[PDB]
Structure formats: C-alpha cells, structure tokens
Amino acid sequence: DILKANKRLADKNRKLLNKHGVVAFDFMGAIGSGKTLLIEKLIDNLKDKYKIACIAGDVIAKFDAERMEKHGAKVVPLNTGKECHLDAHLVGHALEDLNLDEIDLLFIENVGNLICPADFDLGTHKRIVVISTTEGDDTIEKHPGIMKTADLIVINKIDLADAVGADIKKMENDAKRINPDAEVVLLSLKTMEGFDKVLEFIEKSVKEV
Amino acid sequence: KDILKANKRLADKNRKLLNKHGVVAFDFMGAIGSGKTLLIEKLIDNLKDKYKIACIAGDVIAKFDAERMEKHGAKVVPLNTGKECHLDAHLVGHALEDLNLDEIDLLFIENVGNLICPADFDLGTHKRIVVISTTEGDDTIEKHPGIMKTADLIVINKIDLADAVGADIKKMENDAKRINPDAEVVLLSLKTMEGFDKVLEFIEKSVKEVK
Ligand SMILES: Nc1nc2c(ncn2[C@@H]2O[C@H](COP(=O)(O)OP(=O)(O)OP(O)(O)=S)[C@@H](O)[C@H]2O)c(=O)[nH]1
Ligand SMILES: Nc1nc2c(ncn2[C@@H]2O[C@H](COP(=O)(O)OP(=O)(O)OP(O)(O)=S)[C@@H](O)[C@H]2O)c(=O)[nH]1
Ligand SMILES: [Mg+2]
Ligand SMILES: [Mg+2]
Ligand SMILES: [Zn+2]
Ligand SMILES: [Zn+2]
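Trainee: In this structure, what is going on with the coordination of the zinc ion (ligand 6)? I would like to understand it.
Mentor: Reference values for angles at a metal are 109.5 degrees in the four-donor tetrahedral case and 90 or 180 degrees in the six-donor octahedral case. Residues and elements named next belong to chain B. Note on the zinc ion (ligand 6): its protein donors are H90 (NE2) and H94 (NE2). The metal-donor distances range over 1.9 to 2.2 Å. Here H90 pairs with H94, and both are found in helix α4 (residues 89-96), just four residues apart, close to one helical turn. Classification of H90 by relative accessible area gives partly exposed; the value is 40%. Residue class for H94 comes out partly exposed when judged on its relative accessible area of 42%.

Below, the structure written as structure tokens:
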C-alpha cells in the first residue's frame, strides 16, 4: 500500500522536525493561486524573527526556488516530474539537504493541484490551502476532500473577485461549511488586505507546537 | 505499468466509433478555473444552429458543469471522476454508450482541471484543447511544457485580467508557440469575447480536416 507507506514517512519526517525545533507548513493550492507570492511575503515579514527554509516542488522547481531564495531563504528545489503531489518520501530527502539546527520555520510549496495532495501528509504541522477568486466561486465546493485537510483556507485575489463575477461570501461560507475547524482568511497579496491574519496563523501555529 | 498501452487501444476504438457516426470530438483540458466550461457554453450557443452538440463533463462533482452545459441545449453525460486526476478512454468509451451518436455532430469533453495527468491520457478525441488563463501567472505555459506539447489548440484566456495580475500575454503567446510550434495559439477573453472568432475557426477547420 502506497498510503500506508507515506504515513510512515510522514511521522518520521515530523519526528525529525520536532527533534530540531522546526515548525513545517504545507502550502497547497490550484495552479497560480498565489502560493509562491504568499511564501515570499511571509519570508519578508518573518525572517528577522525566524530562520526560514523552503522546499519548492514543481515540474521545473527552479522558477519558485529562485523567487524564494532572493527573499533570504534557504531553498531546496524538488523537480516533481509528472507527479500530482509531493510526498513524505521526496520531502524526507529534502530534509537531509537542510541544516535543521539553523532553521526555525519550513515552508513547503506543494505541486499546484486540488485533487492529489489530499491524502499525502508530508510530515508537516499545518496544512494551508490557497485558492483564488479567479478560479471561480465554486472552487471550494467542487473540491471538498482537499479542503477538509486544511488548517487554514486562504481565499486569495479578492481584488479580482468582481472582474470574474466571484461571490467571496459564498466562498467563505462554502469553506466554513465543508471545514468548520479550519481558519478562513480573505486575502489579496496585491493590496495586502487579510495578510495580517495569515501571518497571525503562522505565528500562533509556531507557538502552539 | 501497461496503463497507457491499454488506454491507447481504447482511444483508437473511441475514435473509430466516433468516425463511424460522423462525430468530431474535442478534449478540453486546463488548470483549475481557466474557463473550460464558459468556453464550451459559448461554443454550444454559437454552433448549435449548424451542429448537434453533446458534452461529457468530468469532475469530482460533475453536476456543476453538467447543469451549466444542459441549459445551453446540449446533451450531457456527467462523469464523477473521484480522486482521478484525469479522464481516460475507458470511462469516455462508456460515456459514449449513453449518447445517440447518429444525432450528434460535435462532442465536447471537459476533462478534469489539472495540467499534469491528462497529458498522457488520450481520450479518443480528434483534437486536444488546453485552456490556461492570465490569472494563473505568465510562467504557466513554460512551467508545464508536457501538456502543452499534447495540445492542438492553446487558449490563453482571461486576457482582460492580464494587467491586474501583471501577466505578459505576449510572453505567454510566444511561450506557447515555441514549446508547441504545431499548435494553434489563441488569445481570448470570454468576457469581452475578443479572440472567440479564432476558437470557432479552429473548431470548424478541425471538423473539415477529419481523416
Ligand atoms: N491581482 C492579484 N494577483 C495575485 C494575487 N496573488 C497572486 N497573484 C498573482 O498571481 C500569479 C500567480 O502567483 P504565484 O505566486 O506564482 O502562484 P503559485 O500558486 O505559486 O503558482 P504555481 O505555478 O506555483 S502552481 C502571479 O502573477 C501573482 O502576481 C492577488 O492577491 N491579487
Ligand atoms: N474576466 C474574465 N473571467 C472569465 C473569463 N473566462 C472565464 N472567466 C471566469 O472564470 C471563472 C471560471 O470559469 P469556468 O468556466 O467555470 O472555468 P473551468 O475551467 O471550467 O473551471 P473548473 O472548475 O471546471 S476546473 C468563472 O468565474 C468565469 O466567469 C474571461 O475571459 N474573463
Ligand atoms: Mg509557485
Ligand atoms: Mg468547468
Ligand atoms: Zn528514496
Ligand atoms: Zn469497461
């Protein structure tokens, strides 16, 4: 079984991160939802207080790895080929290329996709799902599985909602109905509205481990 | 894994069945929310006077898009795709059993929203259309060259929103042409309808060129 084998490696990964005092976050989303830009902003705001590392996973991982690196983060690129999602196996090897005693926060950018990364625990402490208004306001209700795995649901690009005809209150209500336990934040990474709430989720999650 | 060899056999059988009944089929792929359904809706509205049109709508919860296509006057077979990140020829083959192919001229299949998995899975269609949009970012085409190479038409949709996301549409258009020199590349807005003429052109040309 592939799912049993993943959970095994996820717990192993999580055990290793805890040993070295690292708090890890899994950033999932659709394609272009805003994962990298969110991580970029988080690095800029948190790097004074925390030592931050990133794992950037995509077909061509260099695009986002380089985007993260310039913000002052240690970054491990992971070329994911035709895989729909990152897994605890690939993440485990990425952790071997990190000095976890010189790192406090780990931001993992998962492959852009709303089906597959649901079911694949990477060994992180929290999971963030970033969707955007430009995907249409049915995007949350159309993908309940992944939404239920989220600790934070980010509804990004609120500044473009009217232009696509997206109802952001519908999206907010959909997220809360499908996952009552998750935090839900309305965000624009352009205007920065709602960014303080995402930052707060990160900071609290770290202190709660 | 022998998955792709078995799929190809079924895809060829699907194409033969479609050709037998004079149906031209189109596989609509893309990212999440790129505009596949809205494009299909617009195509139905503008071609239904000339062609009898059927759709296959595949997604986790297929009803959302099936219901949209239904109100535009197409016969729709919904496919609830579960955790699968692509449709395949097998499921499409069985969907074809629910259609009267002697009363259909065009088949529009909306694949699941994913730029990775559908690349390797031929559905048994005549043409493949990849819809991406400016709001996903202007690196989207060069970040996923695999699926782009499988496209006969590449649609760069939501051009009306490019400035608001900082996307360079000229860059994206060049990315698409360079990665797939054989594909048609269309800049589109389904809001203003600019570029729609070129999509219709592709559909009609494809129909005329079959076999
Ligand atoms: N207008 C506006 N644009 C945004 C917002 N958030 C992200 N974007 C834009 O969306 C595009 C995609 O953002 P990006 O950060 O690259 O997404 P991503 O999820 O990481 O994309 P991926 O390829 O790895 S799957 C970029 O052009 C970025 O500027 C927002 O809140 N408002
Ligand atoms: N402004 C603008 N909005 C568009 C354009 N094309 C589509 N949209 C909007 O984008 C959103 C997504 O469109 P939709 O047709 O549902 O995408 P889809 O690709 O079929 O989405 P999916 O859930 O099946 S994966 C909708 O809100 C729609 O109104 C466009 O060209 N310009
Ligand atoms: Mg990214
Ligand atoms: Mg759709
Ligand atoms: Zn290994
Ligand atoms: Zn069968």
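Trainee: Looking at this structure, how should I read the pattern of salt bridges?
Mentor: Side chains that differ in charge, positive against negative, can pair when their charged atoms come close. All chains considered together, the criterion is met by 36 salt bridges over all chains. Notably, a salt bridge pairs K207 of chain A with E203 of chain A, separated by 2.8 Å at the nearest N-O pair. In this pair, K207 of chain A and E203 of chain A are both assigned in helix α8 (residues 195-207), four residues apart and thus about one turn of the helix distant. Residue classification places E203 of chain A among the buried positions, given a relative accessible area of 14%. Linking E41 of chain B and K71 of chain B is a salt bridge whose minimum nitrogen-to-oxygen distance equals 2.7 Å. Taken as a pair, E41 of chain B in helix α2 (residues 36-47) and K71 of chain B in the loop between α3 (63-70) and β3 (75-80) lie far apart in primary sequence, 30 residues in all. Note on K71 of chain B: relative accessible area 59%, which makes it exposed. Several salt bridges share partner residues, and in doing so they unite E40, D58, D64, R67 and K70 of chain A together with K143 of chain B into one network.

Trainee: Teacher, can you tell me more about the state of the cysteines here?
Mentor: Note on terminology: disulfide describes a covalent bond linking the sulfur atoms of two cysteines. A complete count under the given rule lists two disulfides over all chains for this structure. Here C84 of chain A connects covalently by a disulfide to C116 of chain A, the sulfurs 2.0 Å from one another. Taking the sign of the S-S torsion, about -65° here, the bridge from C84 of chain A to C116 of chain A comes out left-handed. Of this pair, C84 of chain A sits in the loop between β3 (74-79) and α4 (88-96) while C116 of chain A is found in the loop between β4 (105-109) and β5 (126-132), placing the two residues 32 residues apart along the sequence. For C84 of chain A, a relative accessible area of 3% translates into the label buried. According to the relative accessible area criterion, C116 of chain A is buried, its value standing at 11%. Between the sulfur of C85 of chain B and that of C117 of chain B lies a disulfide, 2.0 Å long from S to S. Because the torsion about its S-S bond is -95°, the bridge between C85 of chain B and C117 of chain B counts as left-handed. In this pair, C85 of chain B sits in the loop between β3 and α4 while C117 of chain B sits in the loop between β4 (106-110) and β5 (127-133), placing the two residues 32 residues apart along the sequence. When its relative accessible area of 10% is taken as the criterion, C117 of chain B is described as buried.

Trainee: Sorry, what's going on with the interface of chain B and chain A here?
Mentor: Often, the extent of an interface is quoted as the loss of accessible area on bringing the components together. On the chain A side, the residues contacting the 29 residues of chain B number 30 residues. Contact between chain B and chain A buries roughly 2,500 Å² in total, counting both sides, with carbon and sulfur atoms accounting for 61%. Contact with chain A buries area across many residues of chain B, yet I32, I116 and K143 of chain B alone supply 28% of it, more than any other trio. The interface formed by chain B and chain A includes four salt bridges. Viewed at the interface, chain A and chain B are joined by ten residue pairs in polar contact.

Trainee: I'm lost on the coordination of the magnesium ion (ligand 3) in this one. Help?
Mentor: All names here are of chain A. Looking at the magnesium ion (ligand 3), the protein donor atoms are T36 (OG1), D64 (OD) and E109 (OE), and they sit 2.0 to 2.1 Å from it. Counting residues between consecutive donors of the magnesium ion (ligand 3) along the chain gives the motif T-x27-D-x44-E. Here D64 lies in helix α3 (residues 62-69) and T36 lies in helix α2 (residues 35-46), a separation of 28 residues in the sequence. With respect to burial, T36 and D64 carry one shared label: buried.

Trainee: How do you make sense of the packing of aromatic side chains when you look at a structure like this?
Mentor: Within a pair of aromatic rings, the relevant descriptors are the distance that separates the centres and the angle that separates the planes. Summed over the entire model, instances satisfying the criterion amount to five aromatic pairs over all chains. Relative to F202 of chain B, the ring of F26 of chain B lies with its centre 6.3 Å away and its plane at 65°, an arrangement referred to as edge-to-face. Here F26 of chain B, found in strand β1 (residues 24-30), pairs with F202 of chain B, found in helix α8 (residues 196-209); they are 176 residues apart in sequence, far enough to count as distant. With a relative accessible area of 0%, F26 of chain B lands in the buried category. Among the aromatic side chains, those forming a connected cluster through ring pairs are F26, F28, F108 and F202 of chain B. Lying across the ring of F63 of chain A, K62 of chain A places its NZ or CZ 5.2 Å from the centre. Directly above the ring of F64 of chain B sits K63 of chain B, whose terminal nitrogen or CZ lies 5.8 Å from the centroid.

Trainee: What is the right way to look at the sheet that holds β4 of chain A in this model?
Mentor: Paired through backbone hydrogen bonds, the strands of a sheet run either parallel or antiparallel to each other. Residues and elements named next belong to chain A. One open sheet accounts for seven strands, arranged β3-β2-β4-β1-β5-β6-β7; its pairing is parallel. Only two strands of the sheet have a single neighbouring strand rather than two, namely β3 and β7 (183-186). Sheet twist, expressed as the average angle between the axes of neighbouring strands with direction ignored, equals 20°. Sheet topology note: the strand β1 (residues 23-29)/β5 ladder contains five bridges and is parallel.

Trainee: Is there a simple way to explain empty space enclosed by the protein in this structure?
Mentor: For the structure shown, the criterion picks out one cavity of 30 Å³ or more. The calculated volume of the largest cavity comes to roughly 30 Å³. Taken together, the residues that form the lining of the largest cavity break down as two nonpolar, four polar and four charged.

Criteria and thresholds
- Residues numbered from 1 in each chain as written, not as in the entry; some residues may be left out.
- Chains lettered and ligands numbered in written order.
- Heavy atoms only, no water.
- Donors = N, O, S within 2.8 Å, 3.2 Å for Na, K, Ca; no water.
- Helix = DSSP H or I, 4+ residues; strand = E, 2+ residues; numbered from the N terminus.
- Buried < 20%, exposed > 50% of the residue type's maximum accessible area, 1.4 Å probe, protein only.
- Salt bridge = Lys/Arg side-chain N within 4 Å of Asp/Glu carboxyl O.
- Disulfide = S-S within 2.5 Å.
- Contact = heavy atoms within 4.5 Å.
- Buried area = accessible area lost by both parts, 1.4 Å probe.
- Polar contact = N/O pair within 3.5 Å; in protein donor to acceptor, adjacent residues only side chain to side chain.
- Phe/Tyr/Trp six-rings, centres within 6.5 Å; stacked < 30°, edge-to-face > 60°.
- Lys NZ or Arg CZ within 6 Å of the ring centre and 35° of its normal.
- Pairing = 2+ DSSP bridges.
- Axes fitted to C-alpha atoms, helices over the stretch in contact; angles between N-to-C directions.
- 1 Å grid on protein atoms, 1.4 Å probe; cavity = no way out; pocket = protein on both sides within 12 Å on 5 of 7 lines; lining within 4 Å.
- Points joined across faces, edges and corners; volume = space filled by probe spheres on them.
- Nonpolar A, V, L, I, M, F, W, Y, C, P; charged D, E, K, R; others polar.

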